[PDB]
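Engineer:
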Amino acid sequence: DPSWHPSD
Amino acid sequence: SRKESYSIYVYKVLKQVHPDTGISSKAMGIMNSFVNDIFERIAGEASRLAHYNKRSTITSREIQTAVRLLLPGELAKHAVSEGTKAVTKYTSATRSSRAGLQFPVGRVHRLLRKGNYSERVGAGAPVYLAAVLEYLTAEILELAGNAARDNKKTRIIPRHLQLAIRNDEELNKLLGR
Numbered sequence: 001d002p003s004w005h006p007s008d
Numbered sequence: 009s010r011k012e013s014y015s016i017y018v019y020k021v022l023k024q025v026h027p028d029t030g031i032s033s034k035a036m037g038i039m040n041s042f043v044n045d046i047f048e049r050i051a052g053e054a055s056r057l058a059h060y061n062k063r064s065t066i067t068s069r070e071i072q073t074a075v076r077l078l079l080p081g082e083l084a085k086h087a088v089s090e091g092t093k094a095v096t097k098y099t100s101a102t103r104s105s106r107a108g109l110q111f112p113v114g115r116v117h118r119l120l121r122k123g124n125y126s127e128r129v130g131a132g133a134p135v136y137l138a139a140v141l142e143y144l145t146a147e148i149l150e151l152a153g154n155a156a157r158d159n160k161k162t163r164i165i166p167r168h169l170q171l172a173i174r175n176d177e178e179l180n181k182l183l184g185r
């Protein structure tokens with residue numbers, strides 16, 4: 001369950 | 009199939025309600041599923057309301073057609089011309105930030121049109137609906153984030169969503185149905 005982060 | 013991704017907007021709203029609190033990937037999936045479900049419910053019921061009671065509306069379409077009926081040929085040609093120039097100049101001459109919204113008023117629009125909920129869409133309908141999705145998201149993330157701090161973690165996990173939504177009467181009624 002990784003943490004969410006913005007992307008491109 | 010797959011529905012749209014609101015994840016980045018859930019993240020912005022999250023950073024406003026609880027800036028130093030993170031969110032997990034599964035929990036973000038839950039939030040996106042909520043935002044979608046509410047979009048289909050409000051857009052669906054609003055679509056039923058639209059198809060049920062229809063109101064007469066003058067638009068550039070009917071004005072153009074009427075002009076093409078009444079005026080003789082070269083007249084109607086140049087008048088249709090000047091009319092179209094006027095409306096395109098009126099158009100070509102920020103929406104979410106205008107309303108002060110993190111949610112994409114532009115995307116909610118292209119979705120309301122994409123979903124075939126209605127033949128036409130007004131303006132302020134994406135503003136109203138985007139504002140409502142933003143508010144509901146904000147509440148769910150505020151409660152779930154408070155649950156994240158009182159459970160002494162640094163991020164929101166799907167359990168925190170279950171806790172926040174189950175222990176809120178109105179949110180439990182909403183997202184239980």
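Protein sequences appear in the order of chains P and Y.
The opening position of the first sequence corresponds to residue 1 in the numbering used here, with each subsequent residue numbered one higher.
The opening position of the second sequence corresponds to residue 9 in the numbering used here, with each subsequent residue numbered one higher.
Every residue, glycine too, gets a C-beta built ideally from N, C-alpha and C.
Below 7 Å between beta carbons: does that hold for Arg163 (chain Y) and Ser32 (chain Y)?
Structural biologist: Here residue 163 (chain Y) refers to the residue found at position 155 when the second sequence is read from its first residue. Here residue 32 (chain Y) refers to the residue found at position 24 when the second sequence is read from its first residue. Going by C-beta atoms, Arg163 (chain Y) is nearer than 7 Å to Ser32 (chain Y).
Engineer: Taking the DSSP output, what are the residues bridged to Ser32 (chain Y)?
Structural biologist: Taking the second sequence and counting its residues from 1, one reaches residue 32 (chain Y) at position 24. DSSP lists P:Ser3 as partners of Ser32 (chain Y).
Engineer: Which residue or residues does DSSP assign as beta-bridge partners of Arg163 (chain Y)?
Structural biologist: Position 155 of the second sequence, counted from the first residue, corresponds to residue 163 (chain Y). DSSP output for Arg163 (chain Y) lists Y:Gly30 as bridge partner(s).
Engineer: Assign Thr145 (chain Y) to one of two classes, buried (16 or more other C-beta atoms within 10 Å of its C-beta) or exposed (fewer than that).
Structural biologist: Taking the first residue of the second sequence as position 1, residue 145 (chain Y) is located at position 137. Answer is buried; the Cβ neighbour count reaches 16.
Engineer: Taking Cβ-Cβ distances shorter than 8 Å, what residues in chain P pair up with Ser15 (chain Y)?
Structural biologist: Numbered from its first residue, the second sequence carries residue 15 (chain Y) at position 7. Per Cβ cutoff of 8 Å: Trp4.
Engineer: For a cutoff of 7 Å on Cβ pairs, would you count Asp1 (chain P) as touching chain Y?
Structural biologist: Position 1 of the first sequence holds residue 1 (chain P). True, the Cβ-Cβ gap to chain Y drops below 7 Å.
Engineer: Against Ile50 (chain Y), what residues of chain P qualify as contacts under a CB-to-CB distance less than 7 Å, listed in chain order?
Structural biologist: Locating residue 50 (chain Y) in the second sequence gives position 42, where the first residue counts as 1. Simply none; closest approach about 25 Å.
Engineer: Entirely within the stretch 125-154 of chain Y and at least 3 residues each: give me those beta strand (DSSP E) ranges in chain order.
Structural biologist: You should have found no qualifying run.
Engineer: Pull up the CB-CB distance for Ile148 (chain Y) and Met36 (chain Y), whole angstroms please, since I reckon it's below 8 Å.
Structural biologist: Residue numbering aside, residue 148 (chain Y) sits at position 140 when the second sequence is read from its first letter. Residue numbering aside, residue 36 (chain Y) sits at position 28 when the second sequence is read from its first letter. Actually they are not in contact, since the Cβ atoms of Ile148 (chain Y) and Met36 (chain Y) sit about 12 Å apart, beyond 8 Å.
Engineer: Going by Cα to Cα distance, which pick from Y:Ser89, Y:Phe47 and Y:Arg63 is closest to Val135 (chain Y)?
Structural biologist: On the second sequence, residue 135 (chain Y) is found 127 positions in, with the first residue counted as 1. Ranking the options by Cα distance to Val135 (chain Y), first place goes to Y:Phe47.
Engineer: Which class does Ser13 (chain Y) belong to by DSSP, given the choice of helix, strand or coil?
Structural biologist: Stepping through the second sequence from its first residue, residue 13 (chain Y) is reached at position 5. It is coil, neither helix nor strand.
Engineer: Say whether chain P places a C-beta atom closer than 7 Å to the C-beta of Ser41 (chain Y).
Structural biologist: Here residue 41 (chain Y) refers to the residue found at position 33 when the second sequence is read from its first residue. No, because no Cβ of chain P sits closer than 7 Å to the Cβ of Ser41 (chain Y).
Engineer: Within 10 angstroms of the Cβ of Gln24 (chain Y), are there 16 or more other Cβ atoms? Answer buried if so, exposed if not.
Structural biologist: By 1-based counting over the second sequence, the position of residue 24 (chain Y) is 16. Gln24 (chain Y) comes out exposed.
Engineer: Can you tell me whether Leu120 (chain Y) is buried or exposed, with buried defined as 16 or more other CB within 10 angstroms of its CB?
Structural biologist: Counting from one through the second sequence, the residue named residue 120 (chain Y) turns up at place 112. The residue in question, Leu120 (chain Y), is buried, as its Cβ has 16 or more Cβ neighbours within 10 Å.
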